[PDB]
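Summary of the model geometry
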Amino acid sequence: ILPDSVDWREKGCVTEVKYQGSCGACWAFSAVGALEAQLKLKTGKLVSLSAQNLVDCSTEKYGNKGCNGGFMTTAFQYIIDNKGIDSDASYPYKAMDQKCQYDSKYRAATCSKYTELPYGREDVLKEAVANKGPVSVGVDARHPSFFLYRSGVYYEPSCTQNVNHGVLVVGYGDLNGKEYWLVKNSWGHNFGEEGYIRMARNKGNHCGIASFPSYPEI
Ligand SMILES: *[C@H](N)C1(NC(=O)[C@H](CC2(C)CCCC2)N/C(C)=N/S(=O)(=O)c2ccccc2)CCS(=O)(=O)CC1
């Protein structure tokens, strides 16, 4: 049995909403967001981790292209391989590609492994969000309705399972029956519901939200 609703923000495991700007670092923000929750669960400290660190260092060897896109899974592997990731405070976000400047003296977190959930299974995603923590996912955000979203449960008839935008599921619930996934975006606090968007849940893997989910562990 799983809870009917979950919101990790209530558990102090979600940091402030970030603004990626003109740099396509959605994947980096999604990855750090997922790890930030695990760091809190392990150490009791809520610390924003360096998305810039991923943009600058989890590059070609990880199939990533910095401000031109990347993967949350390979970002997690970089953190594992690198034996650490710096704090956002020590390695701030500049919304541009930079030479890798990682330094272990600024290490704020580590990662031991990551898990990729089975394709399109919203029930498995629900269990992971309830029992493991926030989960990194990809969604189809190639529709004007996504950019124009303001509030309520988002549903786009033209959505597909071809995802292109990396975000973070930090909970789930229902708005007057309409089930949804609580998503933390990285487009600033002025987007949607102050940085978040509630997306249709149990509506046939709407916008591919359950297509490629993954979460790290410490
Ligand atoms: C993010 N700001 C940006 N998208 C990505 O970086 C994108 C995120 C995904 C779709 C990767 C897997 C989950 C989230 N990364 C990549 C590499 N996408 S892809 O088109 O090569 C892809 C691979 C596998 C499955 C689906 C798609 C927004 C869109 S962008 O401006 O084109 C690049 C940055």
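Definitions and cut-offs
- Residues numbered from 1 in each chain as written, not as in the entry; some residues may be left out.
- Heavy atoms only, no water.
- Residues with missing side-chain atoms left out of burial classes, pairs and counts.
- UniProt positions renumbered as here; feature names shortened; annotations may be inferred.
- Salt bridge = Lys/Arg side-chain N within 4 Å of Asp/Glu carboxyl O.
- Helix = DSSP H or I, 4+ residues; strand = E, 2+ residues; numbered from the N terminus.
- Buried < 20%, exposed > 50% of the residue type's maximum accessible area, 1.4 Å probe, protein only.
- Near = heavy atom within 4 Å.
- Polar contact = N/O pair within 3.5 Å; in protein donor to acceptor, adjacent residues only side chain to side chain.
- 1 Å grid on protein atoms, 1.4 Å probe; cavity = no way out; pocket = protein on both sides within 12 Å on 5 of 7 lines; lining within 4 Å.
- Sits in = over half its atoms within 2 Å of the grid points.
- Points joined across faces, edges and corners; volume = space filled by probe spheres on them.
- Nonpolar A, V, L, I, M, F, W, Y, C, P; charged D, E, K, R; others polar.
- Disulfide = S-S within 2.5 Å.
- Expected span 1.5 Å × (residues − 1).

The name that the PDB entry assigns to the chain is cathepsin S, with the source organism given as Homo sapiens. What the PDB entry is called, per its title line, is "Human Cathepsin S with Inhibitor CRA-26871". A UniProt comment under Subunit is attached to the chain, and it reads "Monomer." We quote the UniProt Sequence similarities comment for the chain here in full: "Belongs to the peptidase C1 family."

A complete count under the given rule lists seven salt bridges for this structure. The residue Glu 217 makes a salt bridge to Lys 113 at a minimum N-O spacing of 3.9 Å. With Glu 217 in strand β10 (residues 214-217) and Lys 113 in strand β4 (residues 113-116), this residue pair connects regions lying 104 residues apart in the sequence. Residue class for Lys 113 comes out partly exposed when judged on its relative accessible area of 44%. Residue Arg 142 is joined to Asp 140 by a salt bridge in which the shortest nitrogen-to-oxygen separation is 2.8 Å. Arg 142 gets classed as partly exposed once you look at its relative accessible area, which sits at 42%.

Contacts to the ligand come from 15 residues, most closely from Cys 26, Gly 69, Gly 70, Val 163 and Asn 164. A distance of 3.2 Å separates a nitrogen atom of the ligand from a polar atom in the backbone of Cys 26. Within the contact set of the ligand, a nitrogen atom lies 2.8 Å away from a backbone nitrogen or oxygen of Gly 70. If you map the ligand onto the pockets, it falls in the largest pocket.

Moving on to the layout of surface pockets. Here the largest pocket is characterised by a volume of approximately 440 Å³. Residue lining of the largest pocket: 23 residues in total, with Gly 70, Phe 71, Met 72, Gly 138 and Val 163 positioned closest to the centre. Along the lines of polarity and charge, the residues of the lining of the largest pocket split into 11 nonpolar, 11 polar and one charged. As a volume, the second largest pocket reaches approximately 180 Å³. Lining the second largest pocket are 18 residues, with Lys 18, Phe 29, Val 32, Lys 184 and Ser 186 sitting closest to its centre. For the lining of the second largest pocket, the secondary structure elements donating two or more residues are α1 (26-43) and β7 (165-175).

The next point concerns the UniProt feature "disulfide bond" in the chain. A sulfur-sulfur distance of 2.0 Å is found between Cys 57 and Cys 100, whose disulfide is recorded in UniProt, and that is short enough to count the bridge as formed. You can see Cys 57 sitting in helix α2 (residues 51-57) and its partner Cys 100 sitting in the loop between β2 (85-86) and β3 (107-109), a full 43 residues away along the chain. Assessed through its relative accessible area of 45%, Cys 100 is described here as partly exposed.

In this section: α1. Along its 18 residues, α1 runs 26 Å from first to last C-alpha, staying within 8% of the 26 Å computed at 1.5 Å per residue. Phi turns positive one or two residues past the end of α1, at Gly 44, with a value near 85°.

Before going further, it helps to examine the state of the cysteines. Enumeration according to the criterion identifies three disulfides in this entry. Here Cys 23 pairs with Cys 67 through a disulfide, and the sulfurs are 2.0 Å apart. In this structure, the disulfide formed by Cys 23 and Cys 67 twists by about -90° around the S-S bond and is classed as left-handed. Within this pair, whereas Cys 23 is found in the loop between β1 (6-7) and α1, its partner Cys 67 is found in the loop between α2 and α3 (72-82), the two being separated by 44 residues in sequence. Of the two residues, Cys 23 and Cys 67, both sit in the buried class. Two residues share a disulfide in this structure: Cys 57 and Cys 100, whose sulfurs sit 2.0 Å from each other. Given an S-S torsion of about 95°, the disulfide between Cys 57 and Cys 100 has right-handed geometry. Residue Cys 57 is classed as buried on the basis of its relative accessible area of 9%. Each bonded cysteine in the chain gets a number by its place in the sequence, and the pairs come out as 1-3, 2-4, 5-6. The structure places no disulfide on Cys 13, whose sulfur is separated from the nearest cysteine sulfur, that of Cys 111, by 16 Å.

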